[PDB]
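The residues making up each chain are set out below.
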Amino acid sequence: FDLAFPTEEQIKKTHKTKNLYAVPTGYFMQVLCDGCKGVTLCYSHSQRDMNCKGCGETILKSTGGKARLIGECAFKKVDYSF
Amino acid sequence: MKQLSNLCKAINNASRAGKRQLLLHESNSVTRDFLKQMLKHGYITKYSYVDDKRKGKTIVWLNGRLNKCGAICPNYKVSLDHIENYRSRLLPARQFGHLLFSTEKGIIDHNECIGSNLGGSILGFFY
Amino acid sequence: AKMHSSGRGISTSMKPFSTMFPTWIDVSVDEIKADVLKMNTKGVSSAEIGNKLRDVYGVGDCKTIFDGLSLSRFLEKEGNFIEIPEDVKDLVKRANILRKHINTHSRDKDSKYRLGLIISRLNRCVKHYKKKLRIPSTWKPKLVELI
Amino acid sequence: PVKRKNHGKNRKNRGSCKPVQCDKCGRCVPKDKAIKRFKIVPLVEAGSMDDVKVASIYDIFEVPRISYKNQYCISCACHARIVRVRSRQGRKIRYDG
Amino acid sequence: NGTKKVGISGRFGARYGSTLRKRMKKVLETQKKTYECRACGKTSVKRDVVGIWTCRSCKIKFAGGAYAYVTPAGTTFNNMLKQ
Amino acid sequence: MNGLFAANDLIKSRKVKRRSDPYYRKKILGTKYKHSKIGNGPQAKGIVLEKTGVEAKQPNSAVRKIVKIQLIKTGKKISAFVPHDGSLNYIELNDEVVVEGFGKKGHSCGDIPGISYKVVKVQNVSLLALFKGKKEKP
Amino acid sequence: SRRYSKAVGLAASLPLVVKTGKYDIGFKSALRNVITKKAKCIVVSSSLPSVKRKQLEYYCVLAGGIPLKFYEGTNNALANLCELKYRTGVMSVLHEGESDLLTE
RNA sequence: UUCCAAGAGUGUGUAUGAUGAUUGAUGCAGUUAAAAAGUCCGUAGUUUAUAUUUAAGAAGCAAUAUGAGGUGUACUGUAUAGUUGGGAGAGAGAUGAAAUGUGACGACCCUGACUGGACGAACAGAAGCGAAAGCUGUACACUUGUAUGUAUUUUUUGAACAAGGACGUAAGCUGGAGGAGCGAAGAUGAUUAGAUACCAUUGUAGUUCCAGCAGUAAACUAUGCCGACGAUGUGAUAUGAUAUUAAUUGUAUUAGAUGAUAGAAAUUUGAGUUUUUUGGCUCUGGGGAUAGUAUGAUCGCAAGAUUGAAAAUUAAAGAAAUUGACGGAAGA
Ligand SMILES: [Mg+2]
Ligand SMILES: [Mg+2]
Ligand SMILES: [Mg+2]
Ligand SMILES: [Mg+2]
Ligand SMILES: [Mg+2]
Ligand SMILES: [Mg+2]
Ligand SMILES: [Mg+2]
Ligand SMILES: [Mg+2]
Ligand SMILES: [Mg+2]
Ligand SMILES: [Mg+2]
Ligand SMILES: [Mg+2]
Ligand SMILES: [Mg+2]
Ligand SMILES: [Mg+2]
Ligand SMILES: [Mg+2]
Ligand SMILES: [Zn+2]
Ligand SMILES: [Zn+2]
Ligand SMILES: [Zn+2]
């Protein structure tokens, strides 16, 4: 029980601003359509409606929290590839 | 000196209840030279501080030897002949206690202020 | 803690530490410089630009695709200089709505109280700007008359 | 000194309430600082319960009940012994329904 | 500009009382004022006779009140005909 | 008003609060020159006019012997209290007296009401010695 | 909350004409564009004289398929709707930009 | 008569210092003893987070989440009062108990139709919104808050305020509209030694709307505004994450109980971190009474409001709490 060295449960309790080390909670993702096979760049908490590249229709939607995925559209996070 | 008085009040609450450690959400170059003088004479143990592109944090580990620490505001300009007056006011006995002066050589004890014949602005006290 | 009300909320947004160049973009860099000049010359705000540039294009921080220049600083290099900054211009537009509202409804004095708070919030920003020599000294905002 | 924690009534984070009127005297009282009781009485008496049975043209029927709500100022209420003086340490007991 | 609170009724001098000159300041302000023309849109309507208001530009006469261009009992009966 | 460069605001504020001192207020207005009863001195002189007695307040009961005189320095009329037993028999009218105060900062002490002065000399003969019987009255 | 509903009619489509298009006001200029068939649309106010108004309705059919739109306002209102120098009876639209005035 | 203190001296008195932490910078107090302007905005003076480049602030999105927040047009709800068509024929109404007043030119009751003015029952809470005073029938139009999420713009623009400015229940004033119930002033019937008071019957201004002046309340949480740290248990409003039909968790407000501190005490998450007294800034008090009274000045149509003494007086006035005695006070 150290304040200088927190454990993983104490990280899950704290607020995102009052941690020991500042790390945000937003990332970028790629969504795959179900009928057609198109990928699209997206965000964790998007503020607007994104559409599929081919077959232009609803994919995300704006909410109070995380973005809602309409239909069966699997995604994953992307990162640095140097 | 908003940051210096906010440091001293958290220590008196902590050291009276008997806690081991302490975490504050502000760091400052005045406070860092304060603790190195407290570390030198042996009143506390080690301490650490973290930079996070923000106000900064401070972590200190106590050992239970503090009676009271304090700060003085406003910061009075004291000459060389009045250090004997202030020392009788804020200290219990002649054998111990300490003072911190913001002299141009640095933040030093009143024993070094008399020994080098330098008078300056006053900061605080701890024993 | 707030300026004109009593609130102590903490709900902000944090940018990461030491952001490097993004590699997951699909549109090239010279096209992403093309449309942002189309938006600014058309007349949308600079705060609205960073919202769209994060969502549909895939780059979050606008400091990295440019040569370490901020967005209001980057526009100046290509002739599009902003004379009066945006915090003044949105406040004068919001003030013109209430003066439109009072000319219809006279008995509403709850709205007359709301005019005093926003105009006093305007003058505290302009008086500091004239110290920094940002706006020319003989500048007055254009306000709707009151009958 | 202060006698009760909430001073006369249970009102917090407000400024005012519109007044209602007592039934017996008729003085104005705020709606928080009132004494309200509820009771339900039937139309027929229990003493006349059997005698309607021999006079009924119907076979079986239900006897109906009505409700009432009353309001009083505290001067009228203690005079009719609706609410009584209690002990100092026993004042803090609250009988919710 | 020279007067503090009398206004247009300074022609009367120091006679007729105090509250009789208050009643003259209400009426004489609305009689000498010019108004907008409902036809042409210009501000040239003036009064010349009791109950007759005419414009300088388009020269069209309007019926009205004694001292005001519109009557407060005259406008309420226009609203009930709109419904 | 606690600051390092606030000496101008500190002196101006503390002079205002000092005016509610009830002793210091009379020093500013100078009431001891304006409304003094006897002047500014330890004693005074006078001419006797009456020899009358008063009655003390409750719960005590007695009759206190006094004298109404008229001062020389100012010209006003005032009453003084004869301070010893059997001393009024020396006093005749159309005579001179010397008046000394009570020592309670301008107030009346004892149960004597409204009187703040007492007689000390009659015809340059000390009344304290004349009660002892050392001298005789001419 | 705060949400301002957008204007839908020709009250919204008319300030887009003045910024991104070409126009002319005045009745004398309005008669010239109809005869030379160079006008696209004509906006009239409610305060025109009854003689000059019906002459524009009779001539617009003769010039072609030029439409006519009716505004419910005074000349001082139409100068407050879109920013003009003087009050106007009729407005003539020579060229437009992003306006949806013809498609309506 | 005898004893004590000082001693060639010893006492009495008028000023003026110390006693006084009852002028308080060091170093007083502001819920209840004297003391925080009714609530906000904002100049001069006072003051400031920084490893000198970044938090905070201001601007702007999403959920068109949530809310008796405000203003204006259109409808609607029963009840009291009054006009009128039918039936019927002696009392109706009030009080502790009665009296004046009231009804055979027909009340009171049960019915059929109409016109006006005021107000939104029951749901309705230790629940919500507002700077404060305040805010409950429905549908639209205009307009406005705080909080939660989040790789959005700018770069220090901050806190509190002499001069100045706005709002401010209830009465009270001038002008026009309206007037159902209630009702100061005035007049009658009882009670009484006496009632010009409580009781009852009448009855005018007012309380309703529009346009303006006026600026006082026990305007009370009797507790100025900003900033750092704090013990468990049961609740309430909004909303996010984990999780999935079973829960435990984040931020901002708020109600209550038990301990702990502080206090003269009642009481108490601040009224705590204090004689081991210091983070910044405005306003108020100095024994009672005379007295919020005189006088002068500035406001107002007026009533009146803000500022605000003294001469002569007096050893008390006051706050919290124990033991008795008393009640035309209540229970067993
Ligand atoms: Mg402020
Ligand atoms: Mg109130
Ligand atoms: Mg003495
Ligand atoms: Mg004191
Ligand atoms: Mg009291
Ligand atoms: Mg008091
Ligand atoms: Mg209802
Ligand atoms: Mg809330
Ligand atoms: Mg000052
Ligand atoms: Mg002021
Ligand atoms: Mg006013
Ligand atoms: Mg007052
Ligand atoms: Mg008060
Ligand atoms: Mg207050
Ligand atoms: Zn697809
Ligand atoms: Zn009652
Ligand atoms: Zn005309």
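Analysis parameters
Here the numbering of residues is sequential along each chain, from 1 in written sequence order, and it may depart from the entry's numbering. Residues without coordinates do not appear. Chains and ligands are labelled sequentially in the order written, the chains with letters from A and the ligands with numbers from 1. Part of a larger assembly is shown; the reported values describe that part exclusively. Water and hydrogen atoms were dropped before computing side-chain values, which therefore reflect all heavy atoms in the structure. Residues with missing side-chain atoms are left out of burial classes, side-chain pairs and their counts. Runs of E in the DSSP output that reach at least two residues are strands. Runs of H or I that reach at least four are helices, and both are numbered from the N terminus. Taken over C-alpha atoms, the radius of gyration is set against a globule rule of 2.2 Å times the number of residues to the power 0.38. Three labels apply to residues, based on accessible area from a 1.4 Å probe with only protein chains included: buried if under 20% of the type maximum, exposed if over 50%, partly exposed otherwise in between. The criterion used for residue contact is that any of the two residues' heavy atoms lie within 4.5 Å. In short, Shrake-Rupley with a 1.4 Å probe defines the accessible areas, and a residue's cover is counted only from the protein chains shown. We treat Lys and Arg as the positive residues and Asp and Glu as the negative residues; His and chain ends play no part in the count. All charge positions are set by atom: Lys at NZ, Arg at CZ, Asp at CG, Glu at CD. Any nitrogen, oxygen or sulfur atom within 2.8 Å of a metal ion counts as a donor, with the limit raised to 3.2 Å for Na, K and Ca, and since water is left out, coordination shells can look unfinished. Geometry is assigned from donor-metal-donor angles: four donors are tetrahedral when every angle falls between 85 and 135 degrees, four are square planar and six octahedral when opposite donors sit over 155 degrees apart with all other angles between 65 and 115, and any other arrangement is irregular. Strand pairing requires that DSSP identify at least two bridges connecting the strands. Axis definition: a line fitted to C-alpha atoms, over the contacting stretch in the case of helices. Angles run 0 to 180 degrees between N-to-C directions. Angles are sorted into four bins: roughly parallel if under 35 degrees, roughly antiparallel if over 145, roughly perpendicular if 65 to 115, and oblique for all others. The sense of a crossing depends on the near helix, which, turned anticlockwise from the far helix by less than a right angle, makes the crossing left-handed and, turned clockwise, makes it right-handed.

- Per the deposited record, cryo-EM is how this structure was determined, to a resolution of 3.4 Å.

**Focus on the overall build of chain C**
And then number 1: The number of helices and strands found in chain C is five helices and zero strands.
And then number 2: Scanning chain C from its N terminus toward the C terminus, one meets helices and strands in the order α-α-α-α-α.
And then number 3: Taken against the 2.2 N^0.38 rule, which gives 15 Å for 147 residues, the C-alpha radius of gyration of chain C at 20 Å runs more than 25% over that of a compact globule.
And then number 4: For chain C, the spread of C-alpha atoms along the principal axes amounts to about 60 × 40 × 35 Å.
And then number 5: Sorting the 147 residues of chain C into buried and exposed places 22% on the buried side.
And then number 6: Taking contacts inside chain C between residues at least 6 apart in sequence as the whole, the part at least 24 apart equals 62%.
And then number 7: Accessible surface computed for chain C: about 10900 Å², of which carbon and sulfur atoms make up 55%.
And then number 8: For chain C, the centre of its 29 positive side-chain charges and the centre of its 17 negative side-chain charges are spaced 12 Å apart.

**Observations concerning the coordination of the zinc ion (ligand 16)**
All names here are of chain D.
And then number 1: Distances from the zinc ion (ligand 16) to its protein donors, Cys22 (SG), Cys25 (SG), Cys73 (SG) and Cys76 (SG), fall at 2.2 to 2.4 Å.
And then number 2: Given four donor atoms and angles of 95 to 116° at the metal, the environment of the zinc ion (ligand 16) is assigned as tetrahedral.
And then number 3: Sequence spacing among the residues donating to the zinc ion (ligand 16) works out to C-x2-C-x47-C-x2-C. Linking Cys22 in the loop between β1 (19-21) and β2 (28-30) with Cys76 in helix α1 (residues 74-79), this pair joins segments that are 54 residues apart in sequence.
And then number 4: Owing to a relative accessible area of 15%, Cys76 belongs among the buried residues under this scheme.

**Side note on the sheet that holds strand β4 (residues 69-71) of chain B**
Residues and elements named next belong to chain B.
And then number 1: Overall, antiparallel pairing links the four strands, which are arranged β4-β7-β5-β6 in an open sheet. The outermost strands of the open sheet, each flanked by one partner alone, are β4 and β6 (106-108). Adjacent strand axes in the sheet meet at a mean angle of 20°, parallel and antiparallel pairs treated alike.
And then number 2: Two strands pair when backbone bridges link them, and strand β5 (residues 98-103) and strand β7 (residues 121-126) are joined in this way by five bridges, in the antiparallel orientation. Its bridge partner lying in β7, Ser102 is registered against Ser121.

**Points about the packing of helix α1 (residues 29-42) of chain C against helix α2 (residues 46-55) of chain C**
All names here are of chain C.
And then number 1: Where α1 contacts α2, the axes come no closer than 11 Å and their chain directions differ by 150°. By the angle class used here, α1 and α2 are roughly antiparallel. Our pair here, α1 against α2, has a crossing hand that is right-handed. For the pair α1 and α2, the contacting residues are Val36, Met39 and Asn40 in the first and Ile49, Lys52 and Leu53 in the second.

**Digging into the coordination of the zinc ion (ligand 17)**
Residue and element names in this part refer to chain E.
And then number 1: For the zinc ion (ligand 17), every protein donor is listed as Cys37 (SG), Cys40 (SG), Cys55 (SG) and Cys58 (SG), and the spread of their distances is 2.2 to 2.3 Å.
And then number 2: Each of the four donor atoms bound to the zinc ion (ligand 17) contributes to angles spanning 99 to 121°, and the resulting shape is tetrahedral.
And then number 3: Sequence spacing of the donors to the zinc ion (ligand 17): C-x2-C-x14-C-x2-C. Of the two residues, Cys40 is situated in the loop between β1 (35-36) and β2 (43-49) and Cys58 in the loop between β3 (52-55) and β4 (61-63); the sequence distance between them amounts to 18 residues.
And then number 4: Judged by its relative accessible area of 23%, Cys40 falls in the partly exposed class.

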